[PDB]
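For reference, the structure is listed below as structure tokens.
We use all heavy atoms of the structure for the numbers below, so side chains are in, but hydrogens, waters and symmetry mates are not. Residue numbers start at 1 and run along the sequence shown.
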Amino acid sequence: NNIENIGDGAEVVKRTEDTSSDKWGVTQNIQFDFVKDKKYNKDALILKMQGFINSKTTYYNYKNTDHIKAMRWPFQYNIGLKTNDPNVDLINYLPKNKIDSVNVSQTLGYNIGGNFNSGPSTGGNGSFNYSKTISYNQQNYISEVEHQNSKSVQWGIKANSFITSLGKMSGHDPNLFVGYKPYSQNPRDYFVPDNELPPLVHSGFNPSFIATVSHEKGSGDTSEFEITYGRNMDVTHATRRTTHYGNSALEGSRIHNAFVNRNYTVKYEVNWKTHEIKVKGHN
């Protein structure tokens with residue numbers, strides 16, 4: 001339906017899937033680009049994983065106590081791709097290396113014969129028959145590949161370094177996001193305002209990741225892929241201790257990994273012969 005000629009007898013067959021979950025607060029917008037090149041001895045599929053993961057940050061009374069309030073927030077965003085097809089191999093993924101740049105912008109370039117290049121989106125690596133670019137912001141967060149093998153890749157985009165009213169804080173600091181004194185008994189009012197929170201905490205994350213897989217020609221028409229987007233959430237408790245003597249400022253405590261793997265997983269079936277992509281299921 002949507003095919004691009006990429007020169008020298010090759011073409012790219014493009015398909016996009018877009019699926020949202022109100023339950024998980026996730027949109028997976030996936031681009032599936034089949035590279036049809038007679039000069040490359042395997043079938044190739046480039047996946048560009050975009051969409052949005054809501055932060056799902058919430059505020060509540062800890063055990064409905066009078067003076068302990070809680071903030072549930074995304075310590076890490078999860079992006080993962082996996083297959084169970086023995087005929088498929090993961091051949092590249094971007095970003096490949098740990099990266100803390102506020103903006104991550106990279107390009108995967110393809111040249112006839114199964115040649116792939118990873119480099120800056122600004123170029124300087126050469127001319128390609130086809131290319132795909134990723135771009136995402138991750139202010140105060142850091143991206144890393146948590147694991148990768150021939151069948152899967154998982155990234156974590158985690159809370160890293162913050163500028164607070166008390167100076168620099170790591171993503172593990174128990175006082176992170178805790179206010180000075182409550183403005184009211186509303187649980188929100190024990191934590192700093194939205195302007196003092198990064199977009200990844202107040203709003204969410206706009207992923208932009210690439211993975212390329214190869215498939216043995218003539219080995220089977222279909223493969224299943226599971227793509228997972230989600231969050232691992234931490235809880236910060238802020239406690240107001242009344243004293244006529246010391247510091248009555250709020251004190252923070254952290255429950256690290258309070259609600260892990262809150263993920264939306266979608267199973268996609270890829271047909272290497274027809275180029276039909278279909279959703280097989282989801283949670």
Side-chain angles (χ1 to χ4, degrees), residues 16-32 47-62 69-82 95 102-104 134-146 152-160 162 171 176-178 186-211 225-238 254-268 277 279 281-283:
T16 295
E17 281 277 4
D18 185 277
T19 63
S20 296
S21 174
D22 291 329
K23 169 177 181 68
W24 299 104
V26 174
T27 293
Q28 288 192 14
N29 179 280
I30 316 300
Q31 287 172 7
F32 296 83
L47 297 88
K48 179 178 177 184
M49 295 162 279
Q50 294 202 315
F52 185 71
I53 302 168
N54 292 6
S55 62
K56 238 71 170 54
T57 295
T58 55
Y59 303 86
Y60 56 97
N61 289 348
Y62 165 67
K69 309 302 174 169
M71 177 184 176
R72 182 192 78 158
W73 59 274
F75 174 82
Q76 177 170 291
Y77 289 93
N78 305 138
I79 303 287
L81 166 68
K82 63 175 160 183
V102 171
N103 179 76
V104 173
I134 59 165
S135 183
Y136 65 85
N137 295 324
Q138 57 162 5
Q139 188 191 331
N140 301 116
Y141 283 59
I142 187 165
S143 294
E144 66 207 39
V145 166
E146 299 185 328
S152 63
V153 56
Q154 178 90 42
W155 293 264
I157 302 88
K158 65 177 176 185
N160 186 43
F162 300 78
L176 183 62
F177 309 137
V178 178
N186 182 323
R188 175 66 187 91
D189 297 351
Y190 274 55
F191 302 92
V192 299
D194 282 353
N195 278 323
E196 288 205 308
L197 299 179
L200 266 60
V201 174
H202 69 73
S203 182
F205 181 47
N206 288 269
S208 195
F209 294 83
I210 280 166
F225 293 89
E226 282 200 340
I227 299 181
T228 297
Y229 277 28
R231 63 190 73 80
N232 292 350
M233 316 194 76
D234 272 22
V235 172
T236 297
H237 289 159
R254 184 82 70 80
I255 301 179
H256 187 59
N257 292 338
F259 312 110
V260 300
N261 290 320
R262 306 314 301 173
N263 303 327
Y264 178 47
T265 303
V266 182
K267 180 184 268 184
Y268 300 92
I277 303 290
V279 171
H282 63 79
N283 72 336

One should read off an interatomic distance between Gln138 CD and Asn160 CG, to the nearest 0.5 angstrom, of 8.5 Å
The single option from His282, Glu17, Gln28 that satisfies side-chain hydrogen bond (donor to acceptor under 3.5 Å, both in side chains) with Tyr268 is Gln28
Can you tell me how the ring of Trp73 sits relative to the ring of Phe177, calling it parallel under 30°, perpendicular over 60° and tilted otherwise? perpendicular
Interatomic distance, CG@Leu81 vs CH2@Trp155, rounded to 0.5 Å, equals 7.0 Å
In short, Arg254 meets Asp234 closest at the heavy-atom pair NH1-OD2, 2.8 Å
Exercise for review: Apply side-chain contact (heavy atoms from CB on, under 4.5 Å) to the pair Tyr59 and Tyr190, showing each step before the final yes or no.
Suggested key: CA-CA 9 Å; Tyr59 303 86; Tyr190 274 55; over 6 Å; no
On a heavy-atom basis, the closest approach of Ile210 and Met49 is C-CE, 4.1 Å
Exercise. Check the side chains of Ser55 and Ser203 for a donor-acceptor pair under 3.5 angstrom, ignoring hydrogens and angles.
Key: no
With sequence neighbours left out, the residues meeting salt bridge (charged side-chain N to carboxylate O under 4.0 Å, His left out) with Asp194 are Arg188
Exercise. Would you please indicate yes or no on a ring centroid separation below 6.0 angstrom for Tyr229 and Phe205?
Key: no
side-chain contact (heavy atoms from CB on, under 4.5 Å) for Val26 and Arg231? Distances and angles first, verdict last. CA-CA 10 Å; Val26 174; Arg231 63 190 73 80; 4.1 Å; yes
So CG of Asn29 and CZ of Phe52: to nearest 0.5 Å the spacing works out to 13.0 Å
Item to complete: Take the angle between the ring planes of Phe75 and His256 and call it parallel below 30°, perpendicular above 60°, tilted in between.
Response: perpendicular
Scanning both residues in full, the closest heavy-atom pair of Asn263 with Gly230 reads OD1-CA, 3.1 Å
With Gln76 as partner, the option from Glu144, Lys158, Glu146 fulfilling side-chain hydrogen bond (donor to acceptor under 3.5 Å, both in side chains) is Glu146
Shortest non-hydrogen pair, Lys56 vs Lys23, comes out as CE-O, 3.8 Å
Check against side-chain contact (heavy atoms from CB on, under 4.5 Å), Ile79 and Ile53 | CA-CA 10 Å; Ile79 303 287; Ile53 302 168; 3.7 Å; yes
Sorted by chain and number, sequence neighbours left out, side chain to side chain donor-acceptor pair (under 3.5 Å) with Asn257 holds for none
In this structure, CG of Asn140 is separated from CG of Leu200 (nearest 0.5 Å) by 8.5 Å
